[PDB]
């Protein structure tokens, strides 16, 4: 319930599902928490989303690395917006690197 959109994913589970989002995520994206928990966050992506940026994100996840990218996303009502995403391992010392945390900043249209 912080003053910024935050998400946590269990990247050890198939397709790296979201396990937690906060109210700021709901307000930015237009998706209810019920609708997104258990799904990979890429439901926010679409036709204009850059594949290079998506692959930088995937690579960071595979190598348990921090990453920052500005990516084109779509709200539930279909409005496109620029999402400045910063994410990385939740737990620096976890050799198994199970969880990833990300914040999203709406940079507009």
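Residue numbers count along the first chain shown, from 1.
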Task: Mean temperature factor over C-alpha atoms, higher-scoring stretch between 11-19 and 90-98 - done: 90-98
Task: Third of the chain, ranked by Cα B-factor, where residue 33 sits - done: middle
- [ ] Divide the modelled residues of the chain into thirds by Cα B-factor and specify which third, lowest, middle or highest, holds residue 75.
- [x] middle
TODO: Taking the values exactly as deposited, rank residue 6 by C-alpha B-factor within its chain and report the matching third: lowest, middle or highest.
DONE: middle
Open item on the list: Looking at the temperature factor on the CA atom of residue 40, which third of the chain's modelled residues does it land in?
Closed with: lowest
Task: residue 69, C-alpha B-factor rank within chain (lowest, middle or highest third) - done: highest
